[PDB]
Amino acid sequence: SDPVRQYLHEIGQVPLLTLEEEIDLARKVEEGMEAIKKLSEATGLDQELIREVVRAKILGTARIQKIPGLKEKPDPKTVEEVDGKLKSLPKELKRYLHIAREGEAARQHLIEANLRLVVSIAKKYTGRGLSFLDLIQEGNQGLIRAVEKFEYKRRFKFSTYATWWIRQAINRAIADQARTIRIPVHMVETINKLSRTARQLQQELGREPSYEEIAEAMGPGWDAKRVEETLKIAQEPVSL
């Protein structure tokens, strides 16, 4: 509920990308990073800073400016100086700053075309420690990290790749809030069995099995609902 429905409403507006668009944006991000290097390496302003500022300047026109989980303004003190130097730059270094602003706007477009992916994934990690809103924030951070790890030259879909990162971030967050208590052996046994079964089904399907498929290998006695619930106290909580 709350603005969460607002968020979902707003992002539901961003269009989807084609492998071609995903990859062109990706390439612009790398070229952008590449440029920022030149800037820092001629201004001594340190790469991370230059980017935070360039990024901020783009959040201005950003179709979605307040994305949960992501740190915003690079601190009104540093931005209010680091942007001072970038402004007054010889003609030559003026283009490197252009490729930077253009690559960071690209990075924003990519992140935006996948905010729905993050929400969808987060709905799959519901009721396991964090609130829907909290999950979305962790997930979005994973998305950002994926954009930083993606390799456009491989020319293979970004969403699937990002999915792993979006999930690893969420998986890490819910695994943080835990205490070690006592559980009866038979429970420890079936958790370990749900885990092996799911991993085994994966080696056969070339993808993670569904709760209904895990229940097949387990059943009778086990159905989709039961496996998912029991899997809530597992080291590997979710399947796909």
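One rule holds for the numbers: they count along the sequence shown, beginning at 1.
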*Would 166 to 174 or 94 to 102 have the larger average of its C-alpha temperature factors, as given in the entry?*
94 to 102
*Once you work out the mean C-alpha B-factor for both 229 to 237 and 4 to 12 from the entry, which is higher?*
4 to 12
*Looking at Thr190, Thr43, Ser210, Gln203, which has the highest CA B-factor as recorded?*
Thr43
_Looking at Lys77, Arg107, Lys123, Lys153, which one carries the largest C-alpha B-factor according to the PDB entry?_
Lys77
*Determine, from the deposited record, the chain-internal third of the Cα B-factor for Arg51: lowest, middle or highest.*
highest
*If you rank the chain by CA B-factor, which third does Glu112 end up in: lowest, middle or highest?*
middle
*Within this chain, which third does the Cα B-factor at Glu72 fall in: lowest, middle or highest?*
highest
*Select lowest, middle or highest to describe the third in which the CA B-factor of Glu148 falls within its chain in this entry.*
lowest
*Within-chain third of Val119 by Cα B-factor, per the entry*: lowest
